[PDB]
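Below is one structure, written out as structure tokens, with a few remarks after it.
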Amino acid sequence: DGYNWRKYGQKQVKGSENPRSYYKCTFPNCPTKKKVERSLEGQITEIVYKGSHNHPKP
DNA sequence: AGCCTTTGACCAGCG
DNA sequence: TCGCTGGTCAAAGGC
Ligand SMILES: [Zn+2]
């Protein structure tokens, strides 16, 4: 999606099967992080973005 | 070296 | 207070 991310965890939530993976924008000081649930088919079923990139893309 | 993913255990916050 | 649940740490390993 055009940004750089570093994974920092994966948990298995309630009700929804697919596990959830947490990532953090790797830009210096950038605080955006996101959480991701993908289907068994590898399709994005849910993305939460928590912040906004005060920087340009790479 | 430096950066990433995996993994298991710890944090908090709310009911 | 307790303990489940989602969010995070950080070590151990891979690249
Ligand atoms: Zn960013």
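Here, A, B, ... name the chains of the structure tokens in the order displayed, residue numbers run from 1 inside each chain, and ligands are numbered from 1 in the same displayed order.
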Ligand 1: which residues are within 9 Å, counting only C-alpha atoms (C1' of nucleotides) and all ligand atoms, as a PDB file with N, CA and C atoms, in the first residue's frame?
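Written file, part-v3.pdb:
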```
ATOM      1  N   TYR A   3       3.622   2.081   1.857  1.00  0.00           N
ATOM      2  CA  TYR A   3       4.350   2.473   3.054  1.00  0.00           C
ATOM      3  C   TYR A   3       5.194   1.311   3.558  1.00  0.00           C
ATOM      4  N   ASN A   4       6.139   1.638   4.439  1.00  0.00           N
ATOM      5  CA  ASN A   4       7.033   0.661   5.051  1.00  0.00           C
ATOM      6  C   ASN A   4       6.585   0.338   6.470  1.00  0.00           C
ATOM      7  N   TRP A   5       6.536  -0.952   6.787  1.00  0.00           N
ATOM      8  CA  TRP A   5       5.974  -1.430   8.036  1.00  0.00           C
ATOM      9  C   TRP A   5       6.857  -2.518   8.634  1.00  0.00           C
ATOM     10  N   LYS A  24       3.811  -1.428  12.463  1.00  0.00           N
ATOM     11  CA  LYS A  24       4.154  -0.075  12.880  1.00  0.00           C
ATOM     12  C   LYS A  24       4.931   0.589  11.753  1.00  0.00           C
ATOM     13  N   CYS A  25       4.542   1.812  11.375  1.00  0.00           N
ATOM     14  CA  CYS A  25       5.254   2.532  10.326  1.00  0.00           C
ATOM     15  C   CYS A  25       6.678   2.804  10.776  1.00  0.00           C
ATOM     16  N   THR A  26       7.632   2.494   9.900  1.00  0.00           N
ATOM     17  CA  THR A  26       9.049   2.477  10.233  1.00  0.00           C
ATOM     18  C   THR A  26       9.722   3.811  10.007  1.00  0.00           C
ATOM     19  N   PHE A  27       8.991   4.791   9.525  1.00  0.00           N
ATOM     20  CA  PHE A  27       9.530   6.128   9.449  1.00  0.00           C
ATOM     21  C   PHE A  27       9.970   6.589  10.838  1.00  0.00           C
ATOM     22  N   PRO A  28      11.050   7.361  10.936  1.00  0.00           N
ATOM     23  CA  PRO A  28      11.451   7.928  12.232  1.00  0.00           C
ATOM     24  C   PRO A  28      10.324   8.715  12.864  1.00  0.00           C
ATOM     25  N   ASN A  29      10.025   8.390  14.115  1.00  0.00           N
ATOM     26  CA  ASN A  29       9.056   9.135  14.917  1.00  0.00           C
ATOM     27  C   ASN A  29       7.617   8.994  14.416  1.00  0.00           C
ATOM     28  N   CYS A  30       7.403   8.446  13.220  1.00  0.00           N
ATOM     29  CA  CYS A  30       6.037   8.304  12.727  1.00  0.00           C
ATOM     30  C   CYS A  30       5.276   7.346  13.628  1.00  0.00           C
ATOM     31  N   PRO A  31       4.098   7.726  14.117  1.00  0.00           N
ATOM     32  CA  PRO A  31       3.362   6.914  15.099  1.00  0.00           C
ATOM     33  C   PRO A  31       2.270   6.028  14.517  1.00  0.00           C
ATOM     34  N   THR A  32       2.010   6.092  13.216  1.00  0.00           N
ATOM     35  CA  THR A  32       0.958   5.272  12.639  1.00  0.00           C
ATOM     36  C   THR A  32       1.241   3.793  12.878  1.00  0.00           C
ATOM     37  N   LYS A  33       0.196   3.055  13.214  1.00  0.00           N
ATOM     38  CA  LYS A  33       0.263   1.614  13.281  1.00  0.00           C
ATOM     39  C   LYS A  33      -1.013   1.062  12.680  1.00  0.00           C
ATOM     40  N   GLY A  51      -3.722   6.345  13.141  1.00  0.00           N
ATOM     41  CA  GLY A  51      -2.814   7.459  13.022  1.00  0.00           C
ATOM     42  C   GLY A  51      -2.707   7.932  11.595  1.00  0.00           C
ATOM     43  N   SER A  52      -1.791   8.861  11.391  1.00  0.00           N
ATOM     44  CA  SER A  52      -1.638   9.469  10.085  1.00  0.00           C
ATOM     45  C   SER A  52      -0.173   9.800   9.884  1.00  0.00           C
ATOM     46  N   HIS A  53       0.314   9.556   8.677  1.00  0.00           N
ATOM     47  CA  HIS A  53       1.733   9.691   8.379  1.00  0.00           C
ATOM     48  C   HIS A  53       2.065  11.157   8.162  1.00  0.00           C
ATOM     49  N   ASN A  54       2.785  11.765   9.098  1.00  0.00           N
ATOM     50  CA  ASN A  54       3.275  13.124   8.885  1.00  0.00           C
ATOM     51  C   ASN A  54       4.536  13.149   8.028  1.00  0.00           C
ATOM     52  N   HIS A  55       4.568  12.318   7.004  1.00  0.00           N
ATOM     53  CA  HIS A  55       5.717  12.246   6.119  1.00  0.00           C
ATOM     54  C   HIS A  55       5.215  11.824   4.753  1.00  0.00           C
ATOM     55  N   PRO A  56       6.036  11.963   3.730  1.00  0.00           N
ATOM     56  CA  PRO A  56       5.684  11.429   2.413  1.00  0.00           C
ATOM     57  C   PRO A  56       5.929   9.930   2.355  1.00  0.00           C
ATOM     58  N   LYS A  57       5.424   9.309   1.287  1.00  0.00           N
ATOM     59  CA  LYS A  57       5.709   7.902   1.035  1.00  0.00           C
ATOM     60  C   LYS A  57       7.147   7.746   0.554  1.00  0.00           C
TER      61      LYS A  57
END
```
Return the neighbours of chain A among the residues of chain B, cut-off 9 Å, counting only C-alpha atoms (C1' of nucleotides), as a ChimeraX atom specification.
/B:4-7
Store the residues picked out above, limited to C-alpha atoms (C1' of nucleotides), as an mmCIF file, in the first residue's frame.
```cif
data_model
loop_
_atom_site.group_PDB
_atom_site.id
_atom_site.type_symbol
_atom_site.label_atom_id
_atom_site.label_comp_id
_atom_site.auth_asym_id
_atom_site.auth_seq_id
_atom_site.Cartn_x
_atom_site.Cartn_y
_atom_site.Cartn_z
ATOM 1 C "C1'" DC B 4 12.759 -7.913 9.746
ATOM 2 C "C1'" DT B 5 9.205 -11.870 11.411
ATOM 3 C "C1'" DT B 6 7.979 -15.274 14.945
ATOM 4 C "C1'" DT B 7 6.509 -16.268 19.420
#
```
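Atom pair atom CA of residue A:35 / atom CA of residue A:11: separated by 10.2 Å.
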Any idea what's packed within 12 Å of residue A:40, counting only C-alpha atoms (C1' of nucleotides), ignoring anything in its chain fewer than 6 positions away? Could you give it as a count of residues only?
4
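What chain C places within 9 Å of chain A, counting only C-alpha atoms (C1' of nucleotides), is residues 5, 6, 7, 8 and 9 of chain C.
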Quick check for you: according to DSSP on this backbone, which residues of chain A are classed as strand (DSSP E)? Reply as a PyMOL selection string.
chain A and resi 5-11+20-25+33-38+44-50
For residue B:15: contacts at 12 Å, only C-alpha atoms (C1' of nucleotides), fewer than 4 positions along chain excluded, given as a PDB file with C-alpha atoms (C1' of nucleotides), in the first residue's frame:
```
ATOM      1  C1'  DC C   2     -10.135 -11.041  39.175  1.00  0.00           C
ATOM      2  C1'  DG C   3      -9.531 -12.475  34.843  1.00  0.00           C
ATOM      3  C1'  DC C   4     -10.624 -12.396  30.024  1.00  0.00           C
ATOM      4  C1'  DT C   5      -9.357  -9.988  25.816  1.00  0.00           C
TER       5       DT C   5
END
```
